[PDB]
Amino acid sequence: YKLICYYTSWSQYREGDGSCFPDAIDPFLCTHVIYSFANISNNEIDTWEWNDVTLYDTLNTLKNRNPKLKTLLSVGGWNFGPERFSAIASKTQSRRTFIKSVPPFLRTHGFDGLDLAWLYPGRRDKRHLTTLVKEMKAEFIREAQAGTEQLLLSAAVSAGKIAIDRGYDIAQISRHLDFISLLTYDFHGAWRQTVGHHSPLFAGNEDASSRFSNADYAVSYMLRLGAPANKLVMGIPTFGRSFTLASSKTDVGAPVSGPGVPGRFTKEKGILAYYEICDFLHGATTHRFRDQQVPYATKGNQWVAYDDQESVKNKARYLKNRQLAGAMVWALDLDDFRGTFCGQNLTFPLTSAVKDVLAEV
């Protein structure tokens, strides 16, 4: 089983305990650690933060303590304009330019692979996405001839039915990619005036209608479309999405005024880190959708949809039962990495819970 974990570039800037640097990562926790995100300048991959080469270096030293650990650099991300990927990929010339610039960059900074996070490809992009993947892999195969271990190519893919149908030729890119990370956690939060969980495992017979917005459907779909199970990796969130209630109602379908109040450390309306959620639970009412098998909490007028050790162990069992390649976690720096916010003294409680199930039979 693979355990793919993302570490974000911008987490170093959070104040106090929220600050997270690469050396806080347990080397033996995941099998693959992906650094987010790289930029693209002059059609070449490039750094993003002023100190990335130092952090790249700190992250890759982890391999001195654990030789089996693989690291990858991810390009793209939500805040990355998909138009930019679109323009680079639709022109054979700028596409070859970006592709050719990737291996030397990865080899200089000690990475073992590239992760593609184009979010998201439209109907007019499908054909070019397939090309970027093909040519990128061909180039990695070419590059291994020099006697080095071949570079890995992976991609983070939307788990939304319409998004998949619209921009991805799953059967094609599946044969060229080493693994595919299913983003099974942004199903409900897309500013949509009402309450709901963003990462349910199952559909649940109540208020069913977007029968497609749950992990079980997304996995089943990807498999029907042609992706091999041994290359699929299910995404497991380490954060929660919050809402500000518009009334005293707390059950499903309850109206919402907008996103939740920022977290003290993450300072971003709408989301909370697992460690902030831990603090938040004191004096809150915790509920759990049986059908969807995920929890939520309320306090005053705030409503939070999140994942705990139990829902995360549950998802890991599901994933083993369908024989997938493993799990993907977003993100290490949103988990209780210091291990001093959630109680039972454990560093990375959520990710460790996923690791324990995977390590079981």
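One rule holds for the numbers: they count along the sequence shown, beginning at 1. Superpose the two forms; the largest set of C-alphas matching within 1.5 Å is the rigid core.
**Q** Out of 278 to 286 and 71 to 79, which one drifts farther from the shown form in 6 other deposited structures of this protein in terms of CA positions, with the fit done on the rigid core?
**A** Once the cores are fitted, 71 to 79 deviates more in 6 other deposited structures of this protein.
**Q** Once the rigid core is lined up, would you tell me whether 202 to 210 or 217 to 225 has the higher RMS CA deviation in 6 other deposited structures of this protein?
**A** The stretch that sits farther from the shown form in 6 other deposited structures of this protein is 202 to 210.
**Q** Going by the average Cα B-factor in the PDB entry, point out whether 52 to 60 or 32 to 40 comes out higher.
**A** The recorded data point to 52 to 60.
**Q** According to the deposited model, is the average Cα temperature factor higher in 323 to 331 or in 65 to 73?
**A** According to the entry, 65 to 73 carries the higher average C-alpha B-factor.
**Q** In the PDB entry, which of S9, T351, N345, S19 has its C-alpha at the highest B-factor?
**A** Highest C-alpha B-factor among the listed residues goes to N345.
**Q** Name the residue from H188, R107, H176, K231 with the greatest C-alpha temperature factor listed in the entry.
**A** The listed residue with the largest C-alpha B-factor is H188.
**Q** Relative to the other modelled residues of the same chain, rank the CA B-factor of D291 and answer lowest, middle or highest third.
**A** Top third by C-alpha B-factor.
**Q** If you rank every modelled residue in this chain by C-alpha B factor, which third holds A171: lowest, middle or highest?
**A** CA B-factor rank for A171: middle third.
**Q** Which third of the chain does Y274 land in by C-alpha B-factor: lowest, middle or highest?
**A** Bottom third by C-alpha B-factor.
**Q** Test of reading the entry: by CA B factor among the chain's modelled residues, which third contains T148?
**A** Highest third, going by the recorded CA B-factors of the chain.
**Q** Using the B-factor values recorded in the entry, state whether the Cα atom of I164 falls in the lowest, middle or highest third among the modelled residues of its chain.
**A** Its C-alpha B-factor, which the entry lists for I164, ranks in the middle third among residues of this chain.
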